[PDB]
Amino acid sequence: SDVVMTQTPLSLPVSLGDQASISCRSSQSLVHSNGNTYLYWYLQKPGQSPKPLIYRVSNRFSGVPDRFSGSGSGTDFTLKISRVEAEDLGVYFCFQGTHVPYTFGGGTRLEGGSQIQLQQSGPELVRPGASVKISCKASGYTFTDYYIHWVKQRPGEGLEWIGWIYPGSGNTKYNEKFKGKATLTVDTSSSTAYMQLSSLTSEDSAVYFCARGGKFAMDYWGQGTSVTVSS
């Protein structure tokens, strides 16, 4: 009964100047009881963290040019990129934050806030059964004004939302998939968020991102921390 986000097409080869349109469909209505529709779009360029494009269906994040337009309602959503150029190449992901657990679309391959820094700890290489505690040092903004989200990304397997913590209060919310094996904490005095991953298996090998956000979605992302679990 988790919400499934389906994107089409999977791959969209295009030439410069053309129009590009990407579809996202949810298995459930994304209208929240509060009246908002927590549908978001992100772009991930081959070598870095996702970047926020659209919030709440139709709003562009700061620095995102008005040639990006999101539309839709209920269960059907569209991202249109009108005058496509070099820097638009990458994987587009839709994301829903209406229903816990928050879920991502599988991505579409097409072929802002740089004061905010989220500095994550280095790569881990461990044996099965180990635990790791990865950190995320926030700067360039007030740590306790925002949520911190954590996200898992396996190679060619897309994105999974792990949970959030609200640094101001320590309050947490987890994806059932991860609750019990990922523990979120903060140190507000050092503006640092932590995620402890426990009883590691080979399936837990992935890149883990910390990201700033609101209660329903990420905005800016850290650079990721690779965890490799190997015998």
# chains A, B, ... in the order shown; residues from 1 in each chain; ligands from 1
>>> closest_atom_pairs(of="region 53-129 of chain A", to="region 174-187 of chain A", cutoff="8 Å", atoms="only C-alpha atoms", output="Markdown table")
| residue | atom | partner | partner_atom | distance |
| --- | --- | --- | --- | --- |
| A:100 | CA | A:175 | CA | 6.8 |
| A:101 | CA | A:175 | CA | 4.9 |
| A:102 | CA | A:175 | CA | 7.6 |
>>> write_last_selection(atoms="C-alpha atoms", output="compact mmCIF listing (two decimals), in the first residue's frame")
# COMPACT_ATOMS: atom_id res chain seq x y z
CA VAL A 100 4.69 8.06 4.34
CA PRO A 101 6.81 6.36 3.15
CA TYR A 102 7.79 9.02 0.60
>>> residues_around(residues="region 73-76 of chain A", least_positions_apart="3", cutoff="8 Å", atoms="only C-alpha atoms", output="PyMOL selection string")
chain A and resi 23-31+37+57
>>> closest_residue(among="A:188, A:153, A:119, A:21", to="residue 170 (chain A)", atoms="only C-alpha atoms")
A:188
>>> residues_around(residues="residue 64 (chain A)", least_positions_apart="4", cutoff="7 Å", atoms="only C-alpha atoms", output="PDB file with N, CA, C and O atoms, in the first residue's frame")
ATOM      1  N   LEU A  53      14.172  20.886  -8.650  1.00  0.00           N
ATOM      2  CA  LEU A  53      13.638  21.640  -9.791  1.00  0.00           C
ATOM      3  C   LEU A  53      12.281  22.249  -9.494  1.00  0.00           C
ATOM      4  O   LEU A  53      12.110  23.459  -9.590  1.00  0.00           O
ATOM      5  N   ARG A  60       8.706  26.511  -9.369  1.00  0.00           N
ATOM      6  CA  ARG A  60      10.134  26.377  -9.642  1.00  0.00           C
ATOM      7  C   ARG A  60      10.969  26.811  -8.440  1.00  0.00           C
ATOM      8  O   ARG A  60      10.701  27.849  -7.826  1.00  0.00           O
ATOM      9  N   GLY A 112      21.577  27.153  -8.089  1.00  0.00           N
ATOM     10  CA  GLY A 112      20.289  27.247  -7.410  1.00  0.00           C
ATOM     11  C   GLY A 112      20.393  27.720  -5.969  1.00  0.00           C
ATOM     12  O   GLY A 112      19.857  28.772  -5.617  1.00  0.00           O
TER      13      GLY A 112
END
>>> closest_residue(among="A:213, A:97, A:160, A:16", to="residue 144 (chain A)", atoms="only C-alpha atoms")
A:213
>>> closest_residue(among="A:44, A:222, A:204, A:3", to="residue 124 (chain A)", atoms="only C-alpha atoms")
A:204
>>> atom_distance(atom1="CA of residue 56 (chain A)", atom2="CA of residue 172 (chain A)")
22.5 Å
>>> atom_distance(atom1="CA of residue 91 (chain A)", atom2="CA of residue 107 (chain A)")
5.8 Å
>>> closest_residue(among="A:114, A:228, A:19, A:96", to="residue 83 (chain A)", atoms="only C-alpha atoms")
A:19
>>> atom_distance(atom1="CA of residue 138 (chain A)", atom2="CA of residue 190 (chain A)")
8.5 Å
>>> residues_around(residues="residue 95 (chain A)", least_positions_apart="5", cutoff="10 Å", atoms="only C-alpha atoms", output="ChimeraX atom specification")
/A:4-5,24,26,38-42,55,102-107,159-161,216-218
>>> write_last_selection(atoms="N, CA and C atoms", output="PDB file, in the first residue's frame")
ATOM      1  N   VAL A   4       3.241   3.933  -5.419  1.00  0.00           N
ATOM      2  CA  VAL A   4       4.138   3.638  -6.530  1.00  0.00           C
ATOM      3  C   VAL A   4       4.117   4.796  -7.518  1.00  0.00           C
ATOM      4  N   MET A   5       5.309   5.296  -7.835  1.00  0.00           N
ATOM      5  CA  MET A   5       5.475   6.396  -8.771  1.00  0.00           C
ATOM      6  C   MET A   5       6.055   5.871 -10.076  1.00  0.00           C
ATOM      7  N   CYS A  24       4.738  11.487 -14.967  1.00  0.00           N
ATOM      8  CA  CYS A  24       4.811  10.799 -13.670  1.00  0.00           C
ATOM      9  C   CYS A  24       3.381  10.487 -13.209  1.00  0.00           C
ATOM     10  N   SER A  26       1.047   8.430 -10.157  1.00  0.00           N
ATOM     11  CA  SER A  26       1.050   7.817  -8.841  1.00  0.00           C
ATOM     12  C   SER A  26      -0.078   6.822  -8.719  1.00  0.00           C
ATOM     13  N   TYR A  38       2.003  17.179  -2.615  1.00  0.00           N
ATOM     14  CA  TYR A  38       3.448  17.155  -2.386  1.00  0.00           C
ATOM     15  C   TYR A  38       4.179  16.349  -3.447  1.00  0.00           C
ATOM     16  N   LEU A  39       4.110  16.851  -4.677  1.00  0.00           N
ATOM     17  CA  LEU A  39       4.787  16.266  -5.816  1.00  0.00           C
ATOM     18  C   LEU A  39       5.956  17.160  -6.198  1.00  0.00           C
ATOM     19  N   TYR A  40       7.140  16.558  -6.323  1.00  0.00           N
ATOM     20  CA  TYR A  40       8.378  17.281  -6.578  1.00  0.00           C
ATOM     21  C   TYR A  40       9.157  16.683  -7.748  1.00  0.00           C
ATOM     22  N   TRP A  41      10.000  17.501  -8.369  1.00  0.00           N
ATOM     23  CA  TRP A  41      10.917  17.050  -9.424  1.00  0.00           C
ATOM     24  C   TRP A  41      12.335  17.413  -9.082  1.00  0.00           C
ATOM     25  N   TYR A  42      13.259  16.474  -9.312  1.00  0.00           N
ATOM     26  CA  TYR A  42      14.698  16.664  -9.138  1.00  0.00           C
ATOM     27  C   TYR A  42      15.441  16.208 -10.380  1.00  0.00           C
ATOM     28  N   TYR A  55       8.760  22.271  -6.832  1.00  0.00           N
ATOM     29  CA  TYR A  55       8.036  21.912  -5.612  1.00  0.00           C
ATOM     30  C   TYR A  55       6.536  22.092  -5.742  1.00  0.00           C
ATOM     31  N   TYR A 102       7.590   8.258   1.827  1.00  0.00           N
ATOM     32  CA  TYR A 102       7.795   9.017   0.600  1.00  0.00           C
ATOM     33  C   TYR A 102       8.496   8.142  -0.423  1.00  0.00           C
ATOM     34  N   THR A 103       8.130   8.303  -1.692  1.00  0.00           N
ATOM     35  CA  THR A 103       8.619   7.432  -2.766  1.00  0.00           C
ATOM     36  C   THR A 103       9.003   8.224  -4.019  1.00  0.00           C
ATOM     37  N   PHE A 104       9.982   7.688  -4.746  1.00  0.00           N
ATOM     38  CA  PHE A 104      10.514   8.289  -5.958  1.00  0.00           C
ATOM     39  C   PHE A 104      10.059   7.525  -7.192  1.00  0.00           C
ATOM     40  N   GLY A 105       9.928   8.241  -8.304  1.00  0.00           N
ATOM     41  CA  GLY A 105       9.832   7.599  -9.618  1.00  0.00           C
ATOM     42  C   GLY A 105      11.160   6.945  -9.991  1.00  0.00           C
ATOM     43  N   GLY A 106      11.117   6.041 -10.972  1.00  0.00           N
ATOM     44  CA  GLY A 106      12.319   5.334 -11.422  1.00  0.00           C
ATOM     45  C   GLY A 106      13.334   6.169 -12.183  1.00  0.00           C
ATOM     46  N   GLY A 107      12.938   7.365 -12.612  1.00  0.00           N
ATOM     47  CA  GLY A 107      13.844   8.251 -13.335  1.00  0.00           C
ATOM     48  C   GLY A 107      13.666   8.216 -14.841  1.00  0.00           C
ATOM     49  N   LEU A 159      16.076   5.645  -6.300  1.00  0.00           N
ATOM     50  CA  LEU A 159      16.179   6.285  -5.002  1.00  0.00           C
ATOM     51  C   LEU A 159      15.126   5.773  -4.030  1.00  0.00           C
ATOM     52  N   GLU A 160      15.508   5.639  -2.765  1.00  0.00           N
ATOM     53  CA  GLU A 160      14.585   5.219  -1.715  1.00  0.00           C
ATOM     54  C   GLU A 160      14.698   6.159  -0.534  1.00  0.00           C
ATOM     55  N   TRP A 161      13.565   6.673  -0.073  1.00  0.00           N
ATOM     56  CA  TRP A 161      13.574   7.547   1.097  1.00  0.00           C
ATOM     57  C   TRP A 161      13.644   6.738   2.382  1.00  0.00           C
ATOM     58  N   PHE A 216       7.900  17.462   4.028  1.00  0.00           N
ATOM     59  CA  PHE A 216       7.388  16.584   2.983  1.00  0.00           C
ATOM     60  C   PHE A 216       8.358  16.291   1.854  1.00  0.00           C
ATOM     61  N   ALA A 217       9.515  16.948   1.831  1.00  0.00           N
ATOM     62  CA  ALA A 217      10.438  16.776   0.712  1.00  0.00           C
ATOM     63  C   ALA A 217      11.772  17.425   0.931  1.00  0.00           C
ATOM     64  N   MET A 218      12.774  16.892   0.231  1.00  0.00           N
ATOM     65  CA  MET A 218      14.115  17.451   0.202  1.00  0.00           C
ATOM     66  C   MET A 218      14.170  18.702  -0.652  1.00  0.00           C
TER      67      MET A 218
END
>>> residues_around(residues="residue 15 (chain A)", least_positions_apart="3", cutoff="12 Å", atoms="only C-alpha atoms", output="JSON, numbers by chain")
{"A": [12, 18, 19, 20, 82, 83, 84, 85, 86, 88, 89, 110, 111]}
>>> write_last_selection(atoms="N, CA, C and O atoms", output="PDB file, in the first residue's frame")
ATOM      1  N   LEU A  12      14.848   9.448 -22.875  1.00  0.00           N
ATOM      2  CA  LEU A  12      14.376  10.420 -23.847  1.00  0.00           C
ATOM      3  C   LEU A  12      15.556  11.088 -24.558  1.00  0.00           C
ATOM      4  O   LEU A  12      16.075  12.103 -24.082  1.00  0.00           O
ATOM      5  N   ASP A  18      15.066  21.630 -28.691  1.00  0.00           N
ATOM      6  CA  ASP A  18      13.767  20.949 -28.734  1.00  0.00           C
ATOM      7  C   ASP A  18      12.950  21.075 -27.438  1.00  0.00           C
ATOM      8  O   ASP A  18      13.403  21.661 -26.447  1.00  0.00           O
ATOM      9  N   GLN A  19      11.738  20.522 -27.473  1.00  0.00           N
ATOM     10  CA  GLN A  19      10.861  20.435 -26.311  1.00  0.00           C
ATOM     11  C   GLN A  19      10.940  19.023 -25.727  1.00  0.00           C
ATOM     12  O   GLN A  19      11.024  18.038 -26.468  1.00  0.00           O
ATOM     13  N   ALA A  20      10.934  18.934 -24.398  1.00  0.00           N
ATOM     14  CA  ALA A  20      10.949  17.648 -23.703  1.00  0.00           C
ATOM     15  C   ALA A  20       9.828  17.587 -22.673  1.00  0.00           C
ATOM     16  O   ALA A  20       9.581  18.549 -21.947  1.00  0.00           O
ATOM     17  N   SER A  82      11.185  23.353 -22.083  1.00  0.00           N
ATOM     18  CA  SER A  82      10.807  23.927 -23.379  1.00  0.00           C
ATOM     19  C   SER A  82      11.939  24.212 -24.367  1.00  0.00           C
ATOM     20  O   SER A  82      11.791  23.961 -25.567  1.00  0.00           O
ATOM     21  N   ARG A  83      13.062  24.722 -23.870  1.00  0.00           N
ATOM     22  CA  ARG A  83      14.188  25.087 -24.733  1.00  0.00           C
ATOM     23  C   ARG A  83      15.454  24.372 -24.262  1.00  0.00           C
ATOM     24  O   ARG A  83      16.350  24.998 -23.693  1.00  0.00           O
ATOM     25  N   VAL A  84      15.516  23.062 -24.509  1.00  0.00           N
ATOM     26  CA  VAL A  84      16.537  22.186 -23.909  1.00  0.00           C
ATOM     27  C   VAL A  84      17.963  22.490 -24.344  1.00  0.00           C
ATOM     28  O   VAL A  84      18.252  22.633 -25.534  1.00  0.00           O
ATOM     29  N   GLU A  85      18.856  22.574 -23.370  1.00  0.00           N
ATOM     30  CA  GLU A  85      20.261  22.785 -23.674  1.00  0.00           C
ATOM     31  C   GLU A  85      21.160  21.789 -22.968  1.00  0.00           C
ATOM     32  O   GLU A  85      20.689  20.928 -22.212  1.00  0.00           O
ATOM     33  N   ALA A  86      22.457  21.918 -23.240  1.00  0.00           N
ATOM     34  CA  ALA A  86      23.488  21.014 -22.741  1.00  0.00           C
ATOM     35  C   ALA A  86      23.323  20.663 -21.265  1.00  0.00           C
ATOM     36  O   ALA A  86      23.332  19.490 -20.907  1.00  0.00           O
ATOM     37  N   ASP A  88      20.930  20.457 -19.312  1.00  0.00           N
ATOM     38  CA  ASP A  88      19.698  19.754 -18.927  1.00  0.00           C
ATOM     39  C   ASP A  88      19.848  18.235 -18.947  1.00  0.00           C
ATOM     40  O   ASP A  88      18.970  17.513 -18.467  1.00  0.00           O
ATOM     41  N   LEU A  89      20.948  17.755 -19.517  1.00  0.00           N
ATOM     42  CA  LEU A  89      21.188  16.319 -19.638  1.00  0.00           C
ATOM     43  C   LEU A  89      21.383  15.701 -18.253  1.00  0.00           C
ATOM     44  O   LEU A  89      22.076  16.266 -17.399  1.00  0.00           O
ATOM     45  N   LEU A 110      17.456  12.030 -19.766  1.00  0.00           N
ATOM     46  CA  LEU A 110      17.459  12.957 -20.893  1.00  0.00           C
ATOM     47  C   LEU A 110      18.862  12.950 -21.504  1.00  0.00           C
ATOM     48  O   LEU A 110      19.849  13.226 -20.819  1.00  0.00           O
ATOM     49  N   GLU A 111      18.939  12.610 -22.790  1.00  0.00           N
ATOM     50  CA  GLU A 111      20.206  12.611 -23.523  1.00  0.00           C
ATOM     51  C   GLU A 111      20.013  13.003 -24.986  1.00  0.00           C
ATOM     52  O   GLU A 111      20.080  14.183 -25.333  1.00  0.00           O
TER      53      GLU A 111
END
>>> closest_residue(among="A:127, A:32, A:67, A:99", to="residue 17 (chain A)", atoms="only C-alpha atoms")
A:67
>>> closest_residue(among="A:1, A:165, A:113, A:130", to="residue 145 (chain A)", atoms="only C-alpha atoms")
A:165
>>> select_by_dssp(residues="chain A", states="helix (DSSP H, G or I)", output="MDAnalysis selection string")
chainID A and resid 86:88 143:145 188:190 202:204
>>> residues_around(residues="residue 148 (chain A)", least_positions_apart="2", cutoff="9 Å", atoms="only C-alpha atoms", output="MDAnalysis selection string")
chainID A and resid 143 146 150 163:167 193 210:215 218
>>> select_by_dssp(residues="region 5-179 of chain A", states="strand (DSSP E or B)", output="VMD selection string")
chain A and resid 5 to 8 11 to 12 20 to 26 31 37 39 to 44 50 to 55 59 to 60 68 to 73 76 to 81 90 to 96 103 to 104 108 to 110 117 to 120 124 to 126 132 to 139 147 to 154 158 to 166 171 to 174 179
